[PDB]
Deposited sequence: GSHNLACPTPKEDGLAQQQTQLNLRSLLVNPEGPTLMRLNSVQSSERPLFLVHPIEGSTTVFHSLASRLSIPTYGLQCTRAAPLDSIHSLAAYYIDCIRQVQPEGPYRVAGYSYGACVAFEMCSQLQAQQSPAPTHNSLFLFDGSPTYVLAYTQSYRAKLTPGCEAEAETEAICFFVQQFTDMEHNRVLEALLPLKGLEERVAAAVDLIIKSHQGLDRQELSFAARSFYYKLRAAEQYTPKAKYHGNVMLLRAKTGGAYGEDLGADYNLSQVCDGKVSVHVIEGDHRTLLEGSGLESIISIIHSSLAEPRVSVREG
């Protein structure tokens, strides 16, 4: 679930709704999968797609990822306006996709940010090291002893996969390897991302209960509506948070 098939499809149907209504396109969080969206997708009365981060995705920058996701999206719906959402890391990518579409043009795209905005050797190790800790129970200092002395990113990814496998032999090595590696690149991409223009279109922030607009005022002119959703950073897309999100999506559209 914190893993994606690195040879899987980038664009995927999260529901099978058959309708002439414009699809909702949903951008993965940092983990890269669309698993988080399953409940939302199963409850929407609109065709919904998920974008997952695979080996095809250019993770050199948010710019390149956004342009690639736009490319995928066009194979389903050639022309905008588009209905795009992003959850947490995905909010930043969704923003850049809409910024790029705006630049390509008076645009009427719909943008929903689910608890995220244009956020966020040693940094390399702390990234892979944090990665290992999410897959194992291994104490911080023992992971850091295996990784810090190593001499590049690829040596650390390989050691990370080894350490995770020792704890969980049934995880695919190719998936673990892609996930460790891409995680570093996703962080790097984010760290180097700088919106180059104010977004004019309308943005809706849906931030979890547990500034107010996540600094969307410095990057966007148009009606930034902020709704607060019951739950924490994870649970706003399940249960009571979810049901309220669907209602807000259903009336905005």
{"item": "Sequence ranges absent from the coordinates, based on the deposited chain and numbered from 1", "value": "1-25, 131-133, 149-165, 256-263, 307-316"}
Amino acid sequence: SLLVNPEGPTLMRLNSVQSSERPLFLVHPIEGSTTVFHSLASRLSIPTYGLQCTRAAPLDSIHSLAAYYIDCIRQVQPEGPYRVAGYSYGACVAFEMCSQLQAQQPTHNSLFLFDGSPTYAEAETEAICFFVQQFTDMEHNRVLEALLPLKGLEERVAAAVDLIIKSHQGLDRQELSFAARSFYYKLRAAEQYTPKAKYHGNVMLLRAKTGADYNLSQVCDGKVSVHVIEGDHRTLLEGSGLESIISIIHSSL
From here on, numbers count along this sequence of modelled residues.
query: Unmodelled in at least a third of other entries of this protein, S42; finding: no
query: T210: gap in at least one third of other compared structures; finding: yes
query: Mean C-alpha temperature factor, higher of 232-240 and 10-18; finding: 232-240
query: 52-60 or 193-201, whichever carries the higher mean Cα B-factor; finding: 193-201
query: Criterion, highest CA B-factor; candidates, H28, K186, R43, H227; finding: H227
query: Residue, from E155, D162, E139, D172, that the PDB entry assigns the highest Cα B-factor; finding: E139
query: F112 - Cα temperature factor, lowest/middle/highest third of chain; finding: middle
query: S182, C-alpha B-factor rank within chain (lowest, middle or highest third); finding: lowest
query: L101 CA temperature factor, ranked by third within the chain; finding: middle
query: Cα B factor band for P118 (lowest, middle or highest third within the chain); finding: highest
query: Chain-wide C-alpha B factor ranking for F37, given as lowest, middle or highest third; finding: middle
